[PDB]
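Worksheet for the structure shown next.
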Amino acid sequence: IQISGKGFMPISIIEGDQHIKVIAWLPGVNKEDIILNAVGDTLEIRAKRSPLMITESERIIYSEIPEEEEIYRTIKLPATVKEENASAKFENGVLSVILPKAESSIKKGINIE
Amino acid sequence: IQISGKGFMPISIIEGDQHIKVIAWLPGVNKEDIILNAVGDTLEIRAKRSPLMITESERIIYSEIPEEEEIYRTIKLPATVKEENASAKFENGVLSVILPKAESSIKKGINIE
Amino acid sequence: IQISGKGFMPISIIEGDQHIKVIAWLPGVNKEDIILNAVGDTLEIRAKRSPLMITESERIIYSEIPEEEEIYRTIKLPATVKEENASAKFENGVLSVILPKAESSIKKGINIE
Amino acid sequence: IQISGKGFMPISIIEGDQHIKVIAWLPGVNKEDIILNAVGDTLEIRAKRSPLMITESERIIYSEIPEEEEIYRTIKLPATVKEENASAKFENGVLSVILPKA
Amino acid sequence: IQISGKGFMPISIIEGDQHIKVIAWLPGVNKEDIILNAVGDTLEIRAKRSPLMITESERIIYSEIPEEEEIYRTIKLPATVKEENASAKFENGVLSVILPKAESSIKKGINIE
Amino acid sequence: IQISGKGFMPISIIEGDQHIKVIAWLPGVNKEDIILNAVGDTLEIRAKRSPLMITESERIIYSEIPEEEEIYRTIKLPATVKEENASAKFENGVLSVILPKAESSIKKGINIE
């Protein structure tokens, strides 16, 4: 597999026998500012959060949180997933996207003596 | 100032003339599993998120997200704030706490004599 | 991608999400002296040039124009494309081919609002 | 002879006993977007290839072809030619020009 | 080829003219705790050994045997095999897998002229 | 291309427009001790030469020739070859095998506008 993008964005890939549950923390991002796309065995994520606005009377004295907004990731899945039958959920800034496996190896397996 | 605690939890301190706005990303943490306590000129927040549950049929293959649950911080504010008149907002795993500065903490402008 | 072609290659690869396009210059080559072959995600091109000759009566000052009696290209496309839906156009010594993406690279991603 | 201009435009000057046939590959340029001028013993070829414009949905991922539009040359012929009795041919982006010697 | 998994599990790949015999040591593993899944030109083994049970009076003073239970591998076969017509044997903690080669994988003989 | 094997066995690949004549010095190898097998776009030849026997009165004092007998080379040709129409020649310890290219001989044709 290969990951590509820009911006701090940890992701967790949970493979299954019928899907590949993927988790990714996206705090501060609205529900609509997420353009999610996918096809075959590759995932295309798009996201963006508004900048840290401050009033003229306010002032930033110490902040370790990044500031860049445009952030995305492009993962190349090993097998194909049914994008048409896929779903996703975004709660508490946590994007949980399900990728049902497509014409995957049936992995029927072999009988062992 | 001095920050102390455990885990991963970036925080941004936005000082103001009448209040101290603070931002902290708490993704995957339930709104109820957040203990907000403070008094005088010190802040302490304790948060915890449920473990990444996976079905027995599932299996993790690649996850960069940390796993430790119990995480908190202990910020030592420079001046005094009005905790009784404070507020907090937890949206998209983004805790926005407002700490109005105390009346005695504001710069007593005696002007020229 | 990887491309080896002995003939001069002033070539382009114009990726279109609805359908991929490709533009290269073969001035002086006839429409019949071109063999277009494509399948899956690979392109095979075979053309000619007929190198210039100098008459004994003529006193050719020089010949800056370079050409190979037999030119060729072998491009490995990144994604699949419909060989049957491909459309070749050879005008002004320029072969402008449009190889639609396999299934028009329509893709499919969740909205999550 | 002397060649002067801009861009990439190989030219082949085929001299003869009664004419000076010249060849020049001009792919992508239209037959009308070629201003051919000549007089005495000097040549001037002014051309321009349309830009590699793409639709808003399209995108360029790999193209070694140049991008400049306006291109021309200025060949100083050795002897005099009959510009009034000159002609040219533009087929397959190949501008085949003939100049009967004076 | 590439092998990937976790734990201790030596494997030996025995190529043949009509099959790809593979050997694998799974000591201490029951016959039922082995899900052997093969399709096309790949292999996977889902194994797990029970924990070393000890009586309350017993104590472990020296053991070089690993402790982790979850163990598996992912072998990438060079050619394709007929998994539907494949077999395997597991005797004395030795997994003997029989992988008949596919019709397209068999190499044709050439007589030396 | 990719060469793989064991021992010392220089090989020279002579590609052609209709075949890929290959040369390989196999001194001391009998004509019968040559296993020629190929299919698609790959070649494998297993050769072996008996050890230099010596009489009890003889003695080896200096020999830079290797000793291992089983030697072979598995080459992955860049294109497909018609193994059914292959030929081989072994003269002066030089195995010359002419393999007619299958893809090159078959060729392809598509309409262009």
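Following the order of the structure tokens, chains are lettered A, B, ..., residues in each are numbered from 1, and ligands are numbered from 1.
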Inset, instruction - Specify as JSON, numbers by chain all residues of chain A found within 12 Å of chain B, counting only C-alpha atoms. - result: {"A": [1, 2, 3, 8, 9, 10, 11, 12, 13, 14, 15, 16, 17, 18, 19, 20, 21, 22, 23, 24, 25, 26, 27, 28, 29, 30, 31, 49, 52, 53, 54, 55, 56, 57, 58, 59, 60, 61, 62, 63, 64, 65, 66, 67, 75, 77, 78, 90, 91, 92, 93, 94, 95, 96, 98]}
Legend entry - Over all C-alpha atoms paired in order - RMSD of chain F on chain E: 3.0 Å
Inset, instruction - Specify as a list in words all residues of chain D found within 6 Å of chain C, counting only C-alpha atoms. - result: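 Residues satisfying the distance criterion: residues 10, 11, 12, 13, 14, 15, 16, 25, 27, 28, 58, 59, 60, 62, 63, 64, 65, 92, 93 and 94 of chain D.
DSSP secondary structure from the backbone places residues 102, 103, 104, 105 and 106 of chain F of chain F in alpha helix (DSSP H).
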Legend entry - Exercise: residue D:102 partners within 10 Å, only C-alpha atoms, chain neighbours under 5 positions left out, as a VMD selection string: chain D and resid 18 to 19 40 to 41 79 to 83 85
Store the residues picked out above, limited to N, CA and C atoms, as a PDB file, in the first residue's frame.
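File produced: result-v4.pdb:
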```
ATOM      1  N   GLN D  18      17.575  24.932 -60.884  1.00  0.00           N
ATOM      2  CA  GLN D  18      16.571  25.895 -61.303  1.00  0.00           C
ATOM      3  C   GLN D  18      15.675  26.351 -60.167  1.00  0.00           C
ATOM      4  N   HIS D  19      15.744  25.713 -59.004  1.00  0.00           N
ATOM      5  CA  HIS D  19      14.926  26.091 -57.866  1.00  0.00           C
ATOM      6  C   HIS D  19      15.646  25.663 -56.598  1.00  0.00           C
ATOM      7  N   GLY D  40      13.976  38.792 -53.256  1.00  0.00           N
ATOM      8  CA  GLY D  40      15.397  38.764 -53.546  1.00  0.00           C
ATOM      9  C   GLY D  40      16.050  37.457 -53.146  1.00  0.00           C
ATOM     10  N   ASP D  41      16.892  37.505 -52.120  1.00  0.00           N
ATOM     11  CA  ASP D  41      17.626  36.348 -51.615  1.00  0.00           C
ATOM     12  C   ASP D  41      17.484  36.251 -50.103  1.00  0.00           C
ATOM     13  N   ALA D  79      21.597  32.912 -53.106  1.00  0.00           N
ATOM     14  CA  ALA D  79      21.332  33.563 -54.378  1.00  0.00           C
ATOM     15  C   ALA D  79      19.925  34.153 -54.390  1.00  0.00           C
ATOM     16  N   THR D  80      19.601  34.832 -55.486  1.00  0.00           N
ATOM     17  CA  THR D  80      18.301  35.458 -55.660  1.00  0.00           C
ATOM     18  C   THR D  80      17.294  34.462 -56.221  1.00  0.00           C
ATOM     19  N   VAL D  81      16.045  34.609 -55.779  1.00  0.00           N
ATOM     20  CA  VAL D  81      14.946  33.754 -56.201  1.00  0.00           C
ATOM     21  C   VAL D  81      13.805  34.639 -56.682  1.00  0.00           C
ATOM     22  N   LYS D  82      12.928  34.045 -57.485  1.00  0.00           N
ATOM     23  CA  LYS D  82      11.775  34.752 -58.038  1.00  0.00           C
ATOM     24  C   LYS D  82      10.622  34.611 -57.053  1.00  0.00           C
ATOM     25  N   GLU D  83      10.543  35.553 -56.107  1.00  0.00           N
ATOM     26  CA  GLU D  83       9.472  35.509 -55.116  1.00  0.00           C
ATOM     27  C   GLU D  83       8.111  35.625 -55.790  1.00  0.00           C
ATOM     28  N   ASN D  85       7.236  34.401 -58.520  1.00  0.00           N
ATOM     29  CA  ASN D  85       6.921  33.098 -59.093  1.00  0.00           C
ATOM     30  C   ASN D  85       7.237  31.993 -58.095  1.00  0.00           C
TER      31      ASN D  85
END
```
Legend entry - Distance in Å - atom CA of residue E:108 versus atom CA of residue F:99: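 So the answer is 13.0 Å.
Using only C-alpha atoms, the nearest neighbour of residue C:97 within the list C:4, C:72, C:33, C:45 is C:45.
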Legend entry - Distance query residue B:44 at most 6 Å, only C-alpha atoms, self and fewer than 6 positions along chain excluded, as a list in words: residues 37, 73 and 74 of chain B
Inset, instruction - Point out the residue among F:69, F:32, F:40, F:50 with the least atom-to-atom distance to residue F:102, counting only C-alpha atoms. - result: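 Of F:69, F:32, F:40, F:50, the one nearest residue F:102 is F:40, counting only C-alpha atoms.
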Legend entry - Å distance separating atom CA of residue A:82 from atom CA of residue E:36, one decimal place: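 Result for atom CA of residue A:82 versus atom CA of residue E:36: 25.0 Å, one decimal.
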Legend entry - Straight-line distance linking atom CA of residue D:49 with atom CA of residue D:29, stated in Å to one decimal: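 It comes out at 4.6 Å.
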Inset, instruction - Please run DSSP on the backbone and report, as an MDAnalysis selection string, all residues within chain F that come out as strand (DSSP E). - result: chainID F and resid 5:6 11:15 20:25 34:38 43:47 71:75 87:91 94:98
Could you save those same residues with C-alpha atoms as a CSV table (one decimal), in the first residue's frame?
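Dumped everything to part_21.csv:
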```
chain,number,residue,atom,x,y,z
F,5,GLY,CA,20.2,-18.4,-11.0
F,6,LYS,CA,23.2,-19.8,-9.4
F,11,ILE,CA,24.6,-15.0,-21.2
F,12,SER,CA,24.1,-12.7,-24.1
F,13,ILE,CA,20.6,-11.7,-25.3
F,14,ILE,CA,20.3,-10.8,-29.0
F,15,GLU,CA,16.9,-9.3,-29.6
F,20,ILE,CA,15.5,-13.1,-29.5
F,21,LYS,CA,18.6,-15.2,-30.2
F,22,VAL,CA,20.4,-15.9,-26.9
F,23,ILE,CA,24.0,-17.1,-26.4
F,24,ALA,CA,25.4,-18.9,-23.3
F,25,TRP,CA,28.8,-20.5,-22.8
F,34,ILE,CA,20.6,-29.3,-20.8
F,35,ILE,CA,17.0,-28.8,-19.7
F,36,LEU,CA,15.3,-26.2,-22.0
F,37,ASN,CA,11.9,-25.1,-20.8
F,38,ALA,CA,10.0,-21.9,-21.7
F,43,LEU,CA,13.2,-18.7,-20.0
F,44,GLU,CA,14.8,-21.2,-17.7
F,45,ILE,CA,17.7,-23.5,-18.5
F,46,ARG,CA,19.1,-25.9,-15.9
F,47,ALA,CA,22.6,-27.2,-16.9
F,71,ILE,CA,23.7,-24.3,-12.4
F,72,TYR,CA,20.8,-22.5,-14.1
F,73,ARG,CA,19.5,-19.1,-15.2
F,74,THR,CA,15.9,-18.0,-15.1
F,75,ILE,CA,15.5,-15.0,-17.5
F,87,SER,CA,15.3,-23.9,-31.7
F,88,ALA,CA,18.6,-24.6,-30.0
F,89,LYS,CA,22.2,-25.3,-31.0
F,90,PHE,CA,25.1,-26.4,-28.8
F,91,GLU,CA,28.5,-26.1,-30.5
F,94,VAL,CA,28.0,-22.4,-26.8
F,95,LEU,CA,24.3,-23.0,-26.5
F,96,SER,CA,22.6,-20.8,-29.2
F,97,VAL,CA,18.8,-20.8,-28.8
F,98,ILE,CA,16.6,-18.9,-31.2
```
Quick one: everything within 10 Å of residue D:87, counting only C-alpha atoms, minus sequence neighbours fewer than 5 positions away in the same chain. Send it as a PDB file with C-alpha atoms, in the first residue's frame.
```pdb
ATOM      1  CA  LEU D  36       5.139  33.213 -45.923  1.00  0.00           C
ATOM      2  CA  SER D  96       7.083  22.188 -48.779  1.00  0.00           C
ATOM      3  CA  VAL D  97       8.174  25.476 -50.375  1.00  0.00           C
ATOM      4  CA  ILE D  98       9.804  25.799 -53.805  1.00  0.00           C
ATOM      5  CA  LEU D  99      11.645  28.897 -55.053  1.00  0.00           C
ATOM      6  CA  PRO D 100      12.589  28.881 -58.753  1.00  0.00           C
TER       7      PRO D 100
END
```
Which residues come within 9 Å of residue F:68, counting only C-alpha atoms, excluding same-chain residues fewer than 4 positions away, as an mmCIF file with N, CA and C atoms, in the first residue's frame?
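Saved result, around-v4.cif, follows:
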```
data_model
loop_
_atom_site.group_PDB
_atom_site.id
_atom_site.type_symbol
_atom_site.label_atom_id
_atom_site.label_comp_id
_atom_site.auth_asym_id
_atom_site.auth_seq_id
_atom_site.Cartn_x
_atom_site.Cartn_y
_atom_site.Cartn_z
ATOM 1 N N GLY F 7 25.647 -19.834 -9.608
ATOM 2 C CA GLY F 7 26.901 -20.170 -10.245
ATOM 3 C C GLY F 7 27.394 -19.071 -11.165
ATOM 4 N N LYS F 48 24.275 -28.763 -16.055
ATOM 5 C CA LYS F 48 25.144 -29.379 -15.066
ATOM 6 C C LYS F 48 26.282 -30.110 -15.761
ATOM 7 N N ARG F 49 27.490 -29.963 -15.219
ATOM 8 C CA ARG F 49 28.682 -30.615 -15.745
ATOM 9 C C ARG F 49 29.310 -31.473 -14.657
ATOM 10 N N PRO F 51 31.944 -33.399 -12.260
ATOM 11 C CA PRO F 51 33.181 -32.892 -11.662
ATOM 12 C C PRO F 51 34.397 -33.462 -12.370
#
```
